[PDB]
Each structure stands twice: as C-alpha cells, then as structure tokens.
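As structure tokens, the structure follows; a few thoughts come after it.
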Amino acid sequence: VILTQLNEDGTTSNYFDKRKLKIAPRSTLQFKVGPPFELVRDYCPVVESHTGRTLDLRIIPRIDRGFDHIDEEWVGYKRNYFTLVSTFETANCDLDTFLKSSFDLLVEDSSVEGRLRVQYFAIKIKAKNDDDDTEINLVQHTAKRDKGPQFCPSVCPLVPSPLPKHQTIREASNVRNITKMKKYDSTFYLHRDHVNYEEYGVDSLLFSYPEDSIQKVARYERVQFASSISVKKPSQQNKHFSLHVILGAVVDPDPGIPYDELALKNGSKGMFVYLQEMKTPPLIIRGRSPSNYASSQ
DNA sequence: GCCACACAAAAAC
DNA sequence: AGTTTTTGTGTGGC
C-alpha cells in the first residue's frame with residue numbers, strides 16, 4: 001500500500017495511491033520527493049563583463065509535495081497542493097565574487113558592443129501539456145487558502161545557492177514563530193542592506209537586484225493546477241502534463257532570442273531573457289471525481 | 001463542471 | 001497541556 005524510497009538527506013518519500021488509502025492532511029507522509037527534472041535546453045550565454053569568462057549555470061530544482069510515483073507514473077491531484085523549489089548554481093564561481101562582478105548577455109558574438117547588461121537573475125515556473133506544448137494556468141494560495149488571496153506564480157529574483165535538503169523544506173513550510181524564522185533566514189534570504197556597501201562598486205550585480213531582500217531559494221508552495229483544467233483527453237486517456245523551471249536574466253528593454261516581458265520595479269517593461277530550462281517527465285493529474293478517492297470504496 | 005463552505009486530524013506554538 | 005493553524009477531502013448549490 002505504501003512504497004518507500006530513501007531521499008538524499010535520509011528522510012523517506014512514501015508513495016501511496018489516494019484512490020486506495022486516505023492519510024491525514026498534515027501527516028508527514030504527504031511530503032515526498034516528486035519527479036526528477038531534466039534539461040530542456042540552454043539559451044543565451046552570459047559572460048563576465050571584465051574577464052569575458054562564460055558563466056556556467058545549472059538549475060537545481062525539486063518537488064517536495066503533491067506527486068506520487070504510482071505504477072511507473074507520476075501522479076498529482078487537481079484539488080491538492082504541490083511544492084516546487086529551485087536554486088541555481090554557477091560552477092567554479094563563488095557567491096562573494098559573483099555579487100561584486102557584472103555580467104552581459106552575449107546575444108551576438110563578434111560584437112563587443114552587442115551585449116545587454118544583466119540586472120539580475122530570476123526563476124519562473126510554468127505548467128504545460130507535455131504532448132502539445134500548450135501552457136496550463138497554475139494558481140497559488142496563502143496558508144489561509146479561501147480566506148486569503150489567490151495569485152499566479154511570480155518571477156523570483158534569486159542569487160546562486162545550494163538547494164536545501166527535503167527535510168529543511170518540510171521544516172520551514174509553516175513557520176510563524178519569530179525565533180524559528182530567524183533560524184531559517186540565512187538559508188532562504190540574502191539581505192543586501194546588511195552587507196558592507198564600501199566593498200561594492202555602483203555597477204555590481206548585487207546592487208542591480210530590485211529589492212534589498214533577495215531570495216536564495218525560489219519556493220513555490222501551495223500551488224495547484226487551475227480548477228478549470230481538463231485532465232483527460234476526449235478518448236478518456238489521461239492528459240500528460242509537465243512542470244517547467246526557467247532561469248532567466250532580467251535586462252532593460254532599451255531581439256532574436258527567447259524572452260518574456262516582465263513588469264519592472266521602475267514601471268517600465270523589462271525583459272526576462274531565457275538562459276536555461278528544465279522540465280519534469282510526464283505527469284498525470286487526477287480530477288475531483290469521487291472515483292479518485294478511497295471514500296468511494 | 002466549478003465554487004463555496006464544511007469537517008477533521010496533525011502540525012505549530 | 002492547552003488553543004490555533006493548515007490542508008486533504010466530503011458535500012451542496014447552481
């Protein structure tokens with residue numbers, strides 16, 4: 001009934017079928033590692049503005065709630081939350097140096113004056129129909145759920161960091177207590193206002209981030225597929241979905257390559273230029289039908 | 001079919 | 001050692 005896999009940090013993922021077994025909403029059994037991500041592609045190269053060193057980048061994503069590995073399929077439920085977290089890394093490039101440096105997008109080689117300055121790096125997530133690439137709406141809630149606002153996942157400015165262990169994501173999922181919040185603060189945030197400003201040049205990457213509080217980890221919790229999504233094909237076969245994580249550089253718009261428009265802080269129209277994208281294997285999503293639940297048995 | 005509210009069980013404190 | 005919070009899911013109204 002429950003199939004158990006050991007996670008990297010020594011916790012367990014316990015996969016079960018909600019058609020057959022009902023477990024309490026707050027049981028630690030609802031936390032589990034979801035499907036592994038795979039590279040879709042790399043997009044625009046990034047170089048350091050002084051040395052010309054190519055910045056090697058890697059997205060490091062994980063799903064920590066909402067998906068079970070059942071009979072060689074990954075299965076989620078329309079009605080329930082999932083959690084998707086991600087960081088990125090810059091191999092052989094330490095954070096302290098990275099933040100003092102500045103970076104350009106190489107849109108065209110052999111054009112030293114043909115480079116856009118990166119203001120900051122950021123992640124976004126998307127859901128798609130894995131068979132035809134059509135995008136599917138995601139919705140997020142606060143902990144208050146219906147007694148609070150609903151919103152679409154947003155673009156998250158981030159600095160490179162190791163991805164926290166599964167247990168750490170669990171532990172930080174519903175922290176209100178001030179003392180405990182402080183314990184986790186250095187894991188999830190870089191507070192630019194707390195650095196020694198004298199160590200930084202005006203053009204440094206750190207000081208082109210939009211806000212003083214900068215995330216180290218993109219944490220998308222309490223996410224759902226929109227309640228209007230059709231989860232079956234007309235043939236009654238299951239639709240296959242995929243979750244995508246995209247790392248981008250935000251630049252000033254002042255374009256033959258992939259990008260999305262972004263509403264900037266100063267009001268103008270930023271550009272989120274794609275750098276790398278990863279995706280999950282195909283996902284099945286079970287709808288609200290009573291037959292998807294053990295109560296029907 | 002999608003919404004709104006309802007119940008309840010374990011986490012959080 | 002209690003009370004509040006959070007979230008899977010049962011249910012009714014249109």
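Only this structure's heavy atoms are used, side chains among them; waters, hydrogens and symmetry mates stay out. We name chains A, B, ... by the order of the sequence lines, and we start the count at 1 in each one.
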Measure the distance from CD on A:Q150 to P on C:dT7 and round it to the nearest whole Å. 15 Å
Nearest-Å distance, NE2 (A:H141) to P (B:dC3)? 10 Å
Residue pairs passing the side chain to side chain donor-acceptor pair (under 3.5 Å) test where at least one lies in residues 76-86 of chain A, sequence neighbours excluded: A:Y77-A:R286
Quick note, A:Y81 side chain, CB onward, closest among B:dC2, B:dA12, C:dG8 is C:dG8
Quick one: is A:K180 getting a side-chain N or O under 4.0 Å of the B:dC13 phosphate, OP1 or OP2? yes
May I ask you to verify if any side-chain N or O of A:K22 is less than 4.0 angstrom from the OP1 or OP2 atom of C:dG10? yes
Output yes when at least one side-chain N/O atom of A:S173 is less than 4.0 Å from OP1 or OP2 of C:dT6, else no. no
For the pair made of CD1 in A:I285 and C1' in C:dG8, what is the distance, rounded to whole Å? 15 Å
Distance only, no hydrogens: is a donor on one side chain within 3.5 Å (strictly under) of an acceptor on the other, for A:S289 and A:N292? no
Answer yes if the side chains of A:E277 and A:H244 hold a donor-acceptor pair under 3.5 Å, and no otherwise. yes
Name the closest nucleotide to the A:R222 side chain, picking from C:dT7, C:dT9, B:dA4. C:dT7
A:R145 side chain, from C-beta outward: closest of B:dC13, B:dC2, B:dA6: B:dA6
Output the rounded distance in Å from CZ (A:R79) to P (C:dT11). 11 Å
May I ask you to verify if any side-chain N or O of A:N174 is less than 4.0 angstrom from the OP1 or OP2 atom of C:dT7? yes
Whole angstrom value for the distance that separates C1' of C:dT7 from CZ of A:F31: 10 Å
Just by modelled atom types, is the A:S154 backbone N or O under 3.5 Å from a matching donor or acceptor in the A:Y220 side chain? yes
Determine whether the side chains of A:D212 and A:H194 contain a donor N or O and an acceptor N or O closer than 3.5 Å. no
Which residues within residues 67-77 of chain A lie with some heavy atom under 4.0 Å of an atom in DNA chain B? none
Separation of C:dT9 atom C1' from A:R19 atom CZ, nearest Å, is 16 Å
For A:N92, I'd like to know if atom CG has over 12 heavy atoms of other residues, nucleotides or ligands within 6.0 Å. no
Whichever of A:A143 and A:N80 has its nearest DNA chain C nucleotide further upstream toward 5': A:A143
When you check the phosphate oxygens OP1 and OP2 of B:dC2, does a side-chain N or O of A:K78 lie under 4.0 Å from one of them? yes
Check whether any side-chain nitrogen or oxygen of A:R65 sits under 4.0 Å from OP1 or OP2 of C:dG8, and answer yes or no. yes
Any side-chain donor-acceptor pair under 3.5 Å between A:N14 and A:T4? yes
Comparing A:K144 and A:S295 on DNA chain C - which has the more 5′ nearest nucleotide: A:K144
How many Å lie between CZ on A:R170 and P on B:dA12, as a whole number? 11 Å
Between the side chains of A:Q276 and A:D42, does any donor sit under 3.5 Å from an acceptor? yes
Among B:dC5, C:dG8, C:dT5, the one nearest any side-chain atom of A:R26 is C:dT5
Distance in angstrom units between A:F225 CZ and C:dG8 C1', rounded: 17 Å
Kindly say whether, by distance alone, the side chain of A:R288 makes a donor-acceptor pair under 3.5 Å with the base of C:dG10? no
